[PDB]
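Enquirer: requesting a structural model of the entry that follows:
(2 chains)
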Amino acid sequence: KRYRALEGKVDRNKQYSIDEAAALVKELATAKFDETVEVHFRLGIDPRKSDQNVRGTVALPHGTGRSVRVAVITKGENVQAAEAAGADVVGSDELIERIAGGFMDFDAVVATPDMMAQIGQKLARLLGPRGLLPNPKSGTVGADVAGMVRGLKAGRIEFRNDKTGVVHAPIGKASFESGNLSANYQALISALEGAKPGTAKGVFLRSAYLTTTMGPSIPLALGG
RNA sequence: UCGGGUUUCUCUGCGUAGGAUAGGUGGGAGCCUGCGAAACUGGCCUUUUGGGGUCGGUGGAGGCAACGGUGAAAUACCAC
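Expert: Residues are numbered from 1 along each chain as shown, chains lettered A, B, ... in the order given. Find the structure here:
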């Protein structure tokens, strides 16, 4: 159990908005190690059609307690511009053997302009239908594997949708401040309520709830 | 008796592989002694293919997830 002195201070009938929940989120987590509290939203527009899934990304503010994940595949003057920085698993053309041998937990596997065919002639039989490839309009295309892979540096990417009616993206950690849990919360209603491709209904935001390693939830308010 | 709603309580979810239905994210490695995990017999619920609960004989009480297995995710520990 262990449900008091952290839920006794919790009532699921009042409010705790932006400048208030931020000074009461790192609190409701007197459990074990570092404890992050989720930020819940509800995509319940119409959860059973192909044009209601948010097929886009989000970019976290500062620097989380994590790192940077990008398995580059390059050759030439792109190896010293991709190993002397801090990406992930970089070498040469043998990165088709590191992503077809027995491990695919890597992220945005980059390439080279004239070497896109390395992830299109050799890894379009396996890595083809994975939706994690470099193309000339989305993530990282061209010789931009040092400037806009910084969108994979300063911002936890993440792209997912479901079949029920719950969508909750993380802020990172609570190992910061009471003005930085609401600074990470200025990029979640700033990069997640913009999914309107084909058809939708009326009124989007309704309320908000929470989640930890021992809860709980004080319904977050909304406004200016 | 019927019409439904709301709220407390109650759980099915195998087109794929994956030993045993993972239902989702974060703390993804810890505590749990304070709120439905093992399968011998003519089963209800999923339908006499395997699988949570069983009514009772039958009678190892400490563990599991995982590296592996594995996939845009994994079978457990805490909640929405």
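Enquirer: need the residues of chain A near RNA strand B, please.
Expert: A:1-2, A:32-36, A:38, A:40, A:102-105, A:129-132, A:158-162, A:164, A:166, A:168, A:170, A:173, A:209-217 (CB under 7 Å from any atom of the strand). C-beta here means a position set from N, CA and C on the backbone, and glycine is covered the same way.
Enquirer: which ones among those map onto strands?
Expert: The strands in this structure, assigned by DSSP state E, contain A:40, A:168 from the residues of chain A next to RNA strand B.
Enquirer: mind giving me the ChimeraX command for buried ones among the residues of chain A next to RNA strand B?
Expert: A single ChimeraX command selects the buried members of these (16 or more other CB atoms under 10 Å):
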select /A:35,36,40,132,170,173,209,210,212,215,216,217
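Enquirer: do I have it right that residue A:183 meets residue A:61?
Expert: Yes. Between residue A:183 and residue A:61 a contact is recorded at 5.7 Å, counting by CB atoms under 8 Å.
Enquirer: which of those two has more residues huddled nearby?
Expert: residue A:61 (19 against 15; other CB atoms under 10 Å).
Enquirer: show me the helices in chain A, by range?
Expert: Secondary structure of chain A (DSSP state H): helices at A:18-21.
Enquirer: which parts of it belong to which domain?
Expert: A:11-62+A:156-224, A:63-155 (curated CATH domains).
Enquirer: residue contacts, residue A:218?
Expert: With contact set as CB atoms under 8 Å, 6 or more residues apart in numbering, residue A:218 has these partners: A:10, A:11, A:12, A:14, A:15, A:16, A:21, A:24, A:28, A:210.
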